[PDB]
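Summary of structural features
Listed here are the chains, written in short residue letters.
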Amino acid sequence: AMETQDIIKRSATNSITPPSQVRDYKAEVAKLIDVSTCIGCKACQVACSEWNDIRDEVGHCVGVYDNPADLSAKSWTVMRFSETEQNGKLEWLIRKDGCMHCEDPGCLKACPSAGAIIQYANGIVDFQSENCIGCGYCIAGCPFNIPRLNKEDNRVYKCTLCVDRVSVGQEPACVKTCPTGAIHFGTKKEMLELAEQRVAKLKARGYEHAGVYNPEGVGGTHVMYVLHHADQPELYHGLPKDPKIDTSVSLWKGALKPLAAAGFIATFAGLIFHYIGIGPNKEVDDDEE
Amino acid sequence: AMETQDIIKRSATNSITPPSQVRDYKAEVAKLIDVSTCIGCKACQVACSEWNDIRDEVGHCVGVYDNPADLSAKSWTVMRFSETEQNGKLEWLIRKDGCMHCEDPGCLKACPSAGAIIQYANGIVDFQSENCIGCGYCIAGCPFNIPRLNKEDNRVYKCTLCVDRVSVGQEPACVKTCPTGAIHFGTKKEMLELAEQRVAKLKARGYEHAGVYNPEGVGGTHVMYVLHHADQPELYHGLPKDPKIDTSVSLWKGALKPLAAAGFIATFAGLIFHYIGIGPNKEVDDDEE
Amino acid sequence: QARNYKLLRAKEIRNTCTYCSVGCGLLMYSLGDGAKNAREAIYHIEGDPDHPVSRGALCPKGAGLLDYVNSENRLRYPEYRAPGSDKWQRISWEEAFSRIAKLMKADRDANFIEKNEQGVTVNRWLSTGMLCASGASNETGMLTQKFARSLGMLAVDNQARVXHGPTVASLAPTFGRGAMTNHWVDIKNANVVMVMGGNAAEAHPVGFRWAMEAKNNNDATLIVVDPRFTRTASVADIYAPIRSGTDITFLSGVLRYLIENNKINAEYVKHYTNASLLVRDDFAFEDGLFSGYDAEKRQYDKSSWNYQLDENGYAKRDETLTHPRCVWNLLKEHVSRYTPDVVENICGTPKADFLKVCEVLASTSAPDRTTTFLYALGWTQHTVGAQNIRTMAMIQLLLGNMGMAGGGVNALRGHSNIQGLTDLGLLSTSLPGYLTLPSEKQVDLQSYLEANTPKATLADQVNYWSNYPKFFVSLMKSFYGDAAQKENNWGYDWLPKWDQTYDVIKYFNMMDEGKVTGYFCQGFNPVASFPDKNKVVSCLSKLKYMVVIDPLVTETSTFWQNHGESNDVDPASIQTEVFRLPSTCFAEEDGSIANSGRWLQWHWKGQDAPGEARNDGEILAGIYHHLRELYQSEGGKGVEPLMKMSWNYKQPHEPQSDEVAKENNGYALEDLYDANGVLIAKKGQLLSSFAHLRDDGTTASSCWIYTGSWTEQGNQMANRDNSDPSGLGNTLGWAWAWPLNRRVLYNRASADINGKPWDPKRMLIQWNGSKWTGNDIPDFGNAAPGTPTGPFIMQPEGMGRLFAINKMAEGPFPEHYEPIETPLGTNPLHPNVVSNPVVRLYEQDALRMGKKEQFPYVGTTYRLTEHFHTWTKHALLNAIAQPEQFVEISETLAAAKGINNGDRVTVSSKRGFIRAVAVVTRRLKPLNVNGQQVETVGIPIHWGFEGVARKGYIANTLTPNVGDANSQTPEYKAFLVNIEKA
Amino acid sequence: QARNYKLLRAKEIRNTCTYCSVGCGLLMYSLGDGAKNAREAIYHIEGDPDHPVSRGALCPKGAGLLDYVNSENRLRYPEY
Ligand SMILES: Nc1nc2c(c(=O)[nH]1)N[C@H]1C(S)=C(S)[C@@H](COP(=O)(O)OP(=O)(O)OC[C@H]3O[C@@H](n4cnc5c(=O)[nH]c(N)nc54)[C@H](O)[C@@H]3O)O[C@H]1N2
Ligand SMILES: Nc1nc2c(c(=O)[nH]1)N[C@H]1C(S)=C(S)[C@@H](COP(=O)(O)OP(=O)(O)OC[C@H]3O[C@@H](n4cnc5c(=O)[nH]c(N)nc54)[C@H](O)[C@@H]3O)O[C@H]1N2
Ligand code: SF4
Ligand code: SF4
Ligand code: SF4
Ligand code: SF4
Ligand code: SF4
Ligand code: SF4
Ligand code: SF4
Ligand code: SF4
Ligand code: SF4
Ligand code: SF4
Ligand SMILES: [Mo+6]
C-alpha cells in the first residue's frame, strides 16, 4: 500500500500518523456531467461495466426505463430518470448517478478499518479491498448513498473514477464513451470553467436557476453536475440539496472517541489508585491489629 | 494484495471471508501443449528463464538429453524425454513439464499461510512470495510434483503462466517462442476446440487413443496436453493417469480441522463447567463444615 | 496502488461499429501480439478518438460490442434440422455444401425459366429466393450479387425493402439521388434541427452529438415532432405531438404557411426548382384523386402528370411564375386545403404548437439560415411513406436549404451497411450503381439502353445518366470479362429479366401458395422483422429447404421449434430441411461498409471466428463451387448464364476483400487516352474516376459510383486524415465518400446564380474564373455562373422537383391518406378516398385487417437506444440495460383499463397478441382528432425467443401485412390494437 | 498483483538472429530511450511476430541471444 506516495486521507488512521503523501503536487481532476445535454442512452453504464470487468444480473422491468434500478456491487453507475411538470411543462430529467468523489468523504470518515478507504492527491476516493471488513459503516456515512456490498466477498465497491486509467494519463471509460458530450473530464479548475460557461448558455435560454452542483457541505466534489434547475436538485431523482456529513456520524466518529478514551484512562487510574489507597475489603481488617 | 479484485481462491482463508473477487467476468485462458508436434528443442526452457530473470546451475550429463533433470526454483519448465517400444515400434515421446494451473489446486488447498497461494479469475494459480513461510506443504499437496523451494530465500516458485505478460494482453514467453507451434495459447474454450481438432487428425493418422489431457480430478487444467497415447499418460515420463488431490491431504485439510475445533471447544466447556460444578479438590472439603 | 492498465501489451486493431449507420470508429484489443502460436481473442473494445464523426464516443450498443463478439449464442458449427425433427444435428462443412448444392440444383433444374410466353430469353429462377446481409461488408455484398444473379434469382432483397425503400423512391425523383444529402458532422452548422419521422437521440446517438453541437454551440433550435415524448424530446427546445400516419397533413400545412407568408428563398425557388415549368392542361386533382385513375386496376395512367413541351421538345417555362399551369401556381392550389384547423383536426397537433414549428421553420427561408431534417422510419414505414418524404423535400426546396452546409435532407440510414447493399443493388430488380436489370419487354441491348438512358428535358443540363451505357458495359466486363464482347452484346442475355418486382410481401404471398421451394437468410431475421409474424411462420413452414448464414442463433433459424406462446408450433408438422451455417462477425474480417453519409470505411480483422465459423464469402464460395461442379458434370437448365459469371480470385474458395473492393473500383482493360491523345490510364491499372469508364469494352467496374475508392494511389477507404481546414467539419481526408469524394450533395446550390454563397460564412464551392473549387468537391461540372445549367446534375431538367411528374405511384404532389387500419375509419379531408388509392393489398391480408370497433387504439412500433433489433439481446451488457419487454401507454388509457404502472398487459391486433410490462407515462397522451380522443399504444421491437434478455414476444406478431404503394415497405408505424389487463 | 511488465518503456529495435540461416526476426529491448546521456544496454530479446518465416518463434539459440550479447567472455580490448 502507499506505493504512490500521494495518499492525502486514509480511513481509520490516527491524525498524528498521516499516510505517505510527499508526492502531492498534482492537479485535482474532475468529471462534469451536464444533465442538460444527457440523452439517457446508458452508454456510460455499459462502458463502465465493460471496462471494469463486472456484470450485474439481468433484472426486470417494473414500469420505468431505469435499469438496473439501483447502484450495486456489479453496477457502479446508473442512469436515474424523472418525469415532472413542476416547472410548468413536461420535462424528462435524466441524471447519471454514482460516487461523487467528495473532497471530505463521509465513507472514509465512518470506516473503522485502517486503509480500507483512501483519498489520492488528485481527488479520487478509492476502496482498498484487502482491508475491507464488510461492516457497511461507509453506506451510512456517505451523504449520497453510494457504497454497495458484494454478497460474494463481503466487501463494498463503487465508481473508482477509473483510477486505473487516470493514474496513467487516460480519461475514464464513461467520459470517453458519452455520445453527446454530456460527460466532460479534465482538471477540476477547467471543469469549473466549462461548468460556468454552460450555466451562462442555459440562463440565456431561459433557465434562470441553472447552476453547478459542487456541494460545499462535503468540501466540493470531483464529480460535478450542470443542472437546469439547480434550485431544485431533488427533481433529479432525489439528488440532495445541500448535502453534508450527518451530525450523528460526525459526533460518533469525532468527539465520542477521545471522550471515551478519557473516561477509560480516568476510570483505570481511579480504580487503581483507589485499591492502593484504601486496600482490600476482606472479612476482617480489624483482627489485623 | 487484492489490487486486481478478481481473486477467486486464496490459501488458508476461511470460507466465510472470501477474497476480493468482484471483477470476475473474464474469460479463462489456457496453454495447449501438443506433444505430437514437439521437437524437444528446449526453446521454452530458454525463453522462460530469459523472460523471468532466472538462471539455474550448469549441471551434468548423466546419460540422457533431459537437462536440467528436474524442475527447480531456477527452472520453471523442463522438457522430459522418453524412449519406448511399448506401442510396437521405437517412439521418442517428449513432453514439456511444469505447473498445470489446476482449476482446483492442491498446492493452494494444502498451504497453511494466508495469501501465499492465489487463483485469479482467468485460471492462473500464482505464489504471492511475501506470505510464503517455506513449509513445503504445497509440494505434497500438488498432484503433479511441481512446487520447488529456493534455498536462498526459503520460498517456493513455479511457472506463473507468465502472469506479468497475460495480465496486460500478451501470451506467455514459451508459447510465443515454440518453433513448431506445439505450444498454443488463447481462451480455454478455443484451446479445447483446437485440441479436439488435433485429436481428430491424429486419429486419422492411426492413433486410435489420441486424446486431450485436461484432468477432471483436479477440475480441469489451464495447461493442457494433446497426447498421441492418451490411454497411457505414464509413457510421457510419468504423467499421472487420472490425477486428483490425495485422500490423506483432503482429510487433513478438510474434516480434521472442524472436528479438532469441536473437540477443543467442547473440552474447554467441559473442564470449565466441571470445575465450577464440583469445585476444587483440596486436602479437606470435610472440615469446611 | 490501482490495478495495472489491462491493455498495455494487447494488440490494437481499428474497426467500425457493426450496428447503425453513424459508422463510429472502434479500437479493439486482443490478447496475443499476433505471433502464430497465440490465438488472438478480443477482450475489450472502446472508441477511436481520432474518428471525426464519433471522436471516441460509443452508445450502449457500440460500447457493448465485446458481449456480442463473445456472446454465448455465437454459432460454432454447421447444423442441420431434418424434416419433422425437434433438434439440430452437427454436420461438416463439406456435407452442408454438398446437401445444399444438390437441393438447389434439383429445384433450379425443375423450375428455371429460360424463355417467357412471348418468346424472349429471360433466364430467371423464381422458386428459390434470398435475403442479404446489410450488417455484412460491401465485398460480401458483391459476392452475394454475383452468386444470386448468375443463378437467375429475382427474389433477392436486403433490409432496404422494409426500411429506406420509400426514401430512394421519393428523394431520387425530387433531387436526383436517393441518399442522405449531407453528413453527420455537418449537422453542427444548422440553425434549426428538425427531428420528425425519426428519434435520433435513440436511433443514431453518436451522430446526434452534432445536433447537440448545433443547439448548444451554434444557438440552433431543436424541434421534435412525434406521437411520443422521446429521449430526443427530452433535450428539444420545442416538442409537438402528432398522430401516427398523418405527417403529410402536418407537412402540407407547413408548405401552405410558407407560401401564404412568402417565407421562401425566392431566387432559389425560381432558378433551382421546377416552379416555372408548365404542366399539361389535362393534369387535375379532385376529391382525393389525381387525373388518370383506373379504379379497377387501382393504378393511375400518368400521361397527364407531365410538362407541356415546346417546339424543341423541352419543357415549356414561364419565368414570371404567373401562368396558371406553372408548377408554382398548381402547388399553391394543391396545398391551400391544409389550414391550421385541418392540421389540428387530422394530426391532433394543437394549433399553438403547429404555429411555433411553422414560425421557426419559416425563419430559415433567409439565405443565411438553414434547417436540416433528421428522419428515418417514422416517415418511411407507411402506405404513404414515399409521399411523407416528398413533402419534407419540397419544404427544403422552398426554404433554399438543399446544397448548404447545415441544411439538406439527412435521411438517417439504419444498418451499418444498408447504404452499401443498396449501392450494390441487392434489391429485386437492381444491379450495382443504381443500374436496373432488363425487364422482359426489353428484348435487346439497344432497347434496354434506350429505356434506361434519359433524354434531357431542358437544354444545357449535365443530365449525367446519359452515361448509362458506359456504366452498364463496364459492369458486364466486370462480371463476364473476355466472355462479354460487342458480338454477343456484352452478355446481355445472361442476366435474369423481370416480369415484375419480387418484393418480400409478394414473395411470401407466393410462398404461402406453395410456389417457393427454398430460401436463404443471410444476416436477416424475418421471423422477427417481417410484418405479421404468425403468417410469416406459417409461410416459412411450407418451404422445402432454408439456409441461414449468421454469427448468432436467430428466431428464423429456430422457427420450427416450440417456444410456448412466443412460438407455438409443432415441429413434427414442419417438413422444412434447415441448414444453419456459422459465419464471422464484423470483428473477424477486413472489408468496407458505407455509412449514412456515403463514406466507404475500411476495417481490419481482430481475431478469427469461434469454432468452425467461416467468412461469408467462403460460405458462398463453398456452395457455389459445389453447385457449379454439379452443372459441369451433369449439365442442367440455365447452364450458360451460371458458368459464364467470373470468380477470378487468387484462391477461389476464399475471395479476399481487397480483390473484390478493387473490382468495385474498376480497371482499365486497355491503355486509355483522352481526346487530346494524352494517356489517362494504362492497361491493368485501377481507374481513378467513373469519368474514365467507357461503353466499348475497354473498362470494367462492378459499381461505378465507387470508382475512386481504391485507385493507383491506394485504398482511399483506409485514409485517416481528420483535417477540417474550413471549420465546417468537412474532412475530405477521412475514408472516401461516393460519388468522387463529394461530402455534401447538390453543393452548387450553396451559391446563387452568380456564384455567390447564400451565406458567406458557409462557402462550400466558388468559381475561380475557370473551375469550381472550395471546401468540398463540387457536385457539378464546369458550367460558369449565369449559364442555364441546374445544380441537380442527375435530373434531366437540372432542378429540384416540387411537382414529381410521372415518377411517384400515387401522385406528383403528396396527399393525405389514412393508414389501412385507422382509428377514425374515415379520412376527414375526403371521405370518399380513405387510404392510398394505389395501395396493393392481397385478399388474404385484407381478411387479416382489423377495425376500430374491435381494436380502437393506434399501435406503433419503434426502437429503444439500448438494443439493436433482436440482435443485442444476445449480448449480456445490453440485456442488463433493458432486460424485459414492455409497452408504453398514457395515464388516461391506463386509468380507463385499471392498469397500474408496471402491471402486465396483453396487447392484441386482428393478427395476434403479445404480453408485456406496462410503462404508464405522461410521455404518451391522447390527442383530439376529428371529434374523438385517439390513444396510442407503443411497442418497442427488441424482445423475442432467443437471447440472454428475458424471453418475450416478437412485436411483429401485431403488425399488418401491407406497405408503401411505391416500394412495398410495410406500414409498421401506424396500425390498430386493443389492450387488456394480464 | 503481478510484477509490472518490464519492457514498457524500453527502446525496441528490429534485428535478425545471428546463428543459423532460417533468418528469424527479433525484437530487442534496451534500457535507455536513445537519449545521448543514457548508454543503451540490451536486457531482453524475443521474436518478431510479423516476420513471415518465424512469426514470433525462436529456438533455444535465438531465445538465448541475451546471454551471448552479454556473455562474460565478450572481448573488450585489443590484446597481444
Ligand atoms: N437504438 C437503436 N438504434 C437503431 C436501430 C435499433 O434497432 N436500435 N435500428 C437502426 C435501423 S435498422 C433504423 S432504419 C433506424 C430508424 O431509426 P428511427 O426511424 O428514428 O427509429 P424508430 O424508433 O423506429 O422510429 C422513430 C420514431 O417514430 C415515431 N413515430 C411513430 N409513428 C410515427 C408517425 O407516423 N409519424 C411520426 N412523425 N413519427 C412516428 C416513434 O414514436 C419513434 O419515436 O434506427 C437504426 N438505429
Ligand atoms: N415492427 C417493426 N418491424 C421492423 C421495423 C420497425 O420499426 N417496426 N424496422 C424494420 C427495419 S427498418 C429493419 S432494417 C429490420 C431488421 O431486421 P433484421 O435485419 O432481420 O434484424 P437483425 O436483428 O438486425 O438481424 C441481423 C442479422 O445479421 C447478423 N449479421 C451480423 N453481422 C453479420 C455478418 O457479418 N454476416 C452475416 N451473414 N450475418 C451477420 C446478425 O447476427 C443478425 O442475426 O427490421 C424491420 N422490421
Ligand atoms: S453516456 Fe452520456 S448521454 Fe448517455 S446516459 Fe450517460 S451521461 Fe447521458
Ligand atoms: S464496509 Fe469496508 S470500506 Fe465500508 S466502512 Fe466497512 S471496512 Fe470500511
Ligand atoms: S459520494 Fe459517498 S462513497 Fe463517494 S466519496 Fe463521497 S462519501 Fe464516499
Ligand atoms: S469514472 Fe469509471 S468507474 Fe466511474 S462510472 Fe465512469 S467508467 Fe465507471
Ligand atoms: S519450445 Fe515447443 S517444440 Fe521446443 S521443446 Fe518446448 S514445447 Fe517442444
Ligand atoms: S511453502 Fe509457501 S506456498 Fe508452499 S505451502 Fe508453505 S507457505 Fe504455502
Ligand atoms: S500443478 Fe501443482 S503447483 Fe500447479 S496449480 Fe496444480 S497443484 Fe498447484
Ligand atoms: S507460461 Fe511463462 S512462466 Fe510458464 S513455462 Fe511458460 S515462460 Fe515459463
Ligand atoms: S450503434 Fe451507431 S451510434 Fe451506436 S456506437 Fe454503433 S455506430 Fe455509433
Ligand atoms: S532462432 Fe534458431 S532457427 Fe531461428 S535463425 Fe536463430 S538459430 Fe536459426
Ligand atoms: Mo433499417
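This deposited entry lists X-ray crystallography as its structure determination method and 2.80 Å as its resolution.

The PDB entry lists chain C under the name FORMATE DEHYDROGENASE, NITRATE-INDUCIBLE, MAJOR SUBUNIT, with Escherichia coli given as the organism. Its PDB title, taken directly from the record, is "FORMATE DEHYDROGENASE N FROM E. COLI". Its UniProt record gives chain C a comment under Catalytic activity, which states: "a quinone + formate + H(+) = a quinol + CO2". What UniProt states about chain C under its Subunit heading is, verbatim, "Trimer of heterotrimers, consisting of subunits alpha, beta and gamma."

Looking at the PDB entry, chain A carries the name FORMATE DEHYDROGENASE, NITRATE-INDUCIBLE, IRON-SULFUR SUBUNIT, with the source organism given as Escherichia coli. Check the Subunit section of the UniProt entry for chain A; it says "Trimer of heterotrimers, consisting of subunits alpha, beta and gamma." Recorded in UniProt under Subcellular location, the annotation for chain A is "Cell inner membrane".

This part is about the overall build of chain A. Secondary structure summary: chain A contains 8 helices and 11 strands in total. Here the C-alpha radius of gyration of chain A, 24 Å, is well above what a compact globule of 289 residues would show, namely 19 Å. Dimensions of chain A along its principal axes, counting C-alpha atoms only, are 100 × 45 × 40 Å. Across the 289 residues in chain A, those meeting the buried criterion constitute 54%. Looking at chain A as shown, the accessible area adds up to about 13100 Å², and 55% of this sits on carbon and sulfur atoms. Distance between charge centres in chain A, computed from 30 positive and 38 negative side chains, equals 9 Å.

The next thing to look at is the interface of chain A and chain C. Contact residues are listed per partner, giving 53 residues for chain A and 64 residues for chain C. Summed over the shared surface of chain A and chain C, the number is 35 residue pairs in polar contact. Contributing elements (two or more residues each) for the side of chain A that touches chain C: helix 1 (43–52), strand 3 (78–84), strand 4 (91–97), helix 4 (163–166), helix 5 (173–177) and helix 6 (188–204) of chain A. If one sorts the elements of the side of chain A that touches chain C by residue count, helix 1 of chain A sits on top with 7 residues. Grouping the amino acids of the side of chain A that touches chain C by side-chain chemistry returns 22 nonpolar, 16 polar and 15 charged.

What follows deals with the site of ligand 2. With respect to spatial proximity, 33 residues lie near ligand 2, and among them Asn525(C), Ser529(C), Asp550(C), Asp616(C) and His869(C) are the closest. Within the contact set of ligand 2, an oxygen atom lies 2.8 Å away from a side-chain nitrogen or oxygen of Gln159(C).

With 10 residues of chain D in contact, the opposing surface of chain C contributes 10 residues. Summing the contributions of chain D and of chain C, the shared interface buries around 800 Å²; its carbon and sulfur component is 45%. The tally of links between chain D and chain C comes to 6 residue pairs in polar contact. Here the residues of the side of chain D that touches chain C are counted per class, giving 5 nonpolar, 2 polar and 3 charged.

Quick look at a negative patch on the surface now. On the surface, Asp285(A), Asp286(A), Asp287(A), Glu288(A) and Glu289(A) cluster together into a negatively charged patch. Looking at the element boundaries, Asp287(A) is found in the segment after helix 8 (256–278).

Scanning the model with the defined rule gives 69 aromatic pairs over all chains in all. Summarising the aromatic geometry, the rings of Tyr19(C) and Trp871(C) are spaced 5.0 Å apart at their centres and angled 65° between planes, so their arrangement reads as edge-to-face. Of this pair, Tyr19(C) sits in the loop between strand 1 (11–16) and strand 2 (25–31) while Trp871(C) sits in the loop between strand 35 (857–862) and helix 26 (876–881); the two residues are 852 residues apart in sequence, bridging distant segments of the chain. Pairing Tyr375(C) with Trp379(C) gives two aromatic rings, centres 5.1 Å apart and planes at 40°, and the pair type is tilted. You'll find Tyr375(C) and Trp379(C) in the same group, each marked buried. One aromatic cluster is present, built from ring pairs that chain together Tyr448(C), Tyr464(C), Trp465(C), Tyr468(C), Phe471(C), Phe472(C), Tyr492(C), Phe690(C) and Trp704(C). In this structure, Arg165(B) is placed above the aromatic ring of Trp51(B), and the distance from its NZ or CZ to the ring centre is 4.6 Å. One cation-aromatic arrangement involves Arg743(C) over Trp599(C); the distance from NZ or CZ to the ring centre is 4.8 Å.

On to the sheet that holds strand 10 (residues 211–213) of chain A, then. Where strands meet in a sheet, backbone hydrogen bonds hold them as pairs that are either parallel or antiparallel. Residue and element names in this part refer to chain A. If you walk across this open sheet you meet the 4 strands as 9-2-11-10, and the pairing is mixed. This sheet does not close on itself; its edge strands, each paired only once, are strand 9 (183–187) and strand 10. On average, adjacent strands in this sheet sit at an angle of 25° to one another, irrespective of strand direction. Two strands pair when backbone bridges link them, and strand 2 (residues 29–34) and strand 11 (residues 223–227) are joined in this way by 4 bridges, in the parallel orientation. By the bridge assignment for strand 11, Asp34 is matched with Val226. Packed onto the sheet, helix 6 meets strand 2, strand 9, strand 10 and strand 11 and runs at close to 140° relative to strand 9.

On to the UniProt feature "binding site: [4Fe-4S] cluster" in chain C. All names here are of chain C. Cross-referencing UniProt, the feature "binding site: [4Fe-4S] cluster" maps to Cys17, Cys20, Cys24 and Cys59 in the present numbering. Spatially, the listed residues are clustered: although they cover 43 residues, their C-alpha atoms lie within 10.4 Å of one another. Along the chain, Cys17 turns up in the loop between strand 1 and strand 2. Look at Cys17 and you get buried, because its relative accessible area is 10%. Once you skip the residues sitting within four places of it in the chain, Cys17 turns out to touch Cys24, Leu26, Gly62, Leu65, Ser416 and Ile593. Mapped onto the secondary structure, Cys20 falls in the loop between strand 1 and strand 2. Residue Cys20 is classed as buried on the basis of its relative accessible area of 12%. If sequence neighbours within four positions are ignored, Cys20 has contacts with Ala203, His204, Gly414, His415, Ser416 and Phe868.

Here is what the cut-offs are and how they apply
- Residues numbered from 1 in each chain as written, not as in the entry; some residues may be left out.
- Chains lettered and ligands numbered in written order.
- Part of a larger assembly, values for the part shown.
- Heavy atoms only, no water.
- Residues with missing side-chain atoms left out of burial classes, pairs and counts.
- UniProt positions renumbered as here; feature names shortened; annotations may be inferred.
- Helix = DSSP H or I, 4+ residues; strand = E, 2+ residues; numbered from the N terminus.
- Rg over C-alpha atoms; globule rule 2.2 N^0.38 Å.
- Buried < 20%, exposed > 50% of the residue type's maximum accessible area, 1.4 Å probe, protein only.
- Areas by Shrake-Rupley, 256 points an atom, 1.4 Å probe, with all protein chains shown as cover.
- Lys, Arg positive; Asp, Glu negative; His and termini not counted.
- Charge placed at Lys NZ, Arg CZ, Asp CG, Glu CD.
- Contact = heavy atoms within 4.5 Å.
- Polar contact = N/O pair within 3.5 Å; in protein donor to acceptor, adjacent residues only side chain to side chain.
- Nonpolar A, V, L, I, M, F, W, Y, C, P; charged D, E, K, R; others polar.
- Near = heavy atom within 4 Å.
- Buried area = accessible area lost by both parts, 1.4 Å probe.
- Patch = residues over 30% accessible without salt bridge, like charges linked within 9 Å, V, L, I, M, F, W, Y side chains within 5 Å.
- Salt bridge = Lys/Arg side-chain N within 4 Å of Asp/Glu carboxyl O.
- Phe/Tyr/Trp six-rings, centres within 6.5 Å; stacked < 30°, edge-to-face > 60°.
- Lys NZ or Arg CZ within 6 Å of the ring centre and 35° of its normal.
- Pairing = 2+ DSSP bridges.
- Axes fitted to C-alpha atoms, helices over the stretch in contact; angles between N-to-C directions.

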